[PDB]
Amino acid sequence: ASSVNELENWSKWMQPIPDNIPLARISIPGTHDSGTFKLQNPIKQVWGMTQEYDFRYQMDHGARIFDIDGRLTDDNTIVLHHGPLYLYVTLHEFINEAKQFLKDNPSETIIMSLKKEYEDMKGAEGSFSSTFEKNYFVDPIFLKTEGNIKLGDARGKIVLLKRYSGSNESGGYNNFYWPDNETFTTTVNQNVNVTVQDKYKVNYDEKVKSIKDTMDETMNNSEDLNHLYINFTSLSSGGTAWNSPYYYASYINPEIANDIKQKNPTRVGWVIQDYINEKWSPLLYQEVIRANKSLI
């Protein structure tokens, strides 16, 4: 079954996309700081909450990229954090949720970005990477091949986007440089390069221009099949005020979504957003999925 109306099933939108196309080329909705949805204290919320619904909701709304920040415990486990804040979620919980979704929707893949967010607990004998790789990554749900990863190889599996140093097991997208608060271009592996727009902590107007600038580059470069474009629409908190990630997203999400809706581009990139919800109308993740109609 390969038809344009199939992009409309948000829990199965990758089904009609040809198996031979690189993940890089697909336009894919992502969630920024995916595991922050359990946070309750409004002071903790205004500073570090980026999502209000759990992993399965994010996935059934079309998100296929997950921004997972981890801290290594004294127990050979990894739990999720946002800066110093313990989220109330462990890495194993994320992986179980992803496995359950992939079992229900085996046409899909889940891309998991994994970053060391906070310093290791004092009793930990292993490194963040040996501990992840020995205790979690060994599961056959994780794709262990590399190059310019294709959709066909990814279906039914989790594809790692490594953001931690010292990996010793092949698989997914290699760790690459990653300067703070910039738009940058580098190499991922022999077959892949990457441009990332990740200017968190600029003012609203610079943010919106940066999102659009990088989106223009990816539209104008729609046939560059081994070039990843990762575009974060999320902006960090001004704290106590009218400048929370929530407040920014309530304007940024529908603005970028309308731009896409109106331009009807053939490629928009991996667009990683705060607050996936059905609240603000032109829906960003929907418009992003719809930019794949030229691949069917």
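Residues carry their position along the shown sequence, with the first being 1.
Participant: Mean Cα B factor from the PDB record: higher for 15-23, or higher for 279-287?
Facilitator: Going by the record's values, the stretch with the higher mean is 279-287.
Participant: Return whichever of 157-165 and 175-183 has the greater mean Cα B factor according to the PDB record.
Facilitator: Mean C-alpha B-factor is greater for 175-183.
Participant: In terms of CA temperature factor as recorded, identify the highest of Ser34, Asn253, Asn231, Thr240.
Facilitator: That would be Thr240, according to the entry.
Participant: Taking the Cα B-factors listed in the entry, which of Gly83, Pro106, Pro140, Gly147 comes out highest?
Facilitator: That would be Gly83.
Participant: For the chain shown, is the CA B-factor of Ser113 in the lowest, middle or highest third of its modelled residues?
Facilitator: Its C-alpha B-factor, which the entry lists for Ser113, ranks in the lowest third among residues of this chain.
Participant: Thinking about Cα B factors across the chain, which third does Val208 belong to?
Facilitator: Its C-alpha B-factor belongs to the middle third of this chain's values.
Participant: Taking the values exactly as deposited, rank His227 by C-alpha B-factor within its chain and report the matching third: lowest, middle or highest.
Facilitator: It falls in the bottom third of the chain.
Participant: Would you mind ranking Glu52 by its C-alpha B-factor against the rest of the chain and naming the third, lowest, middle or highest?
Facilitator: Answer is highest: the recorded C-alpha B-factor places it there.
Participant: Is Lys263 in the lowest, middle or highest third of its chain when residues are ranked by C-alpha B-factor?
Facilitator: Tercile = highest for this residue's CA B-factor.
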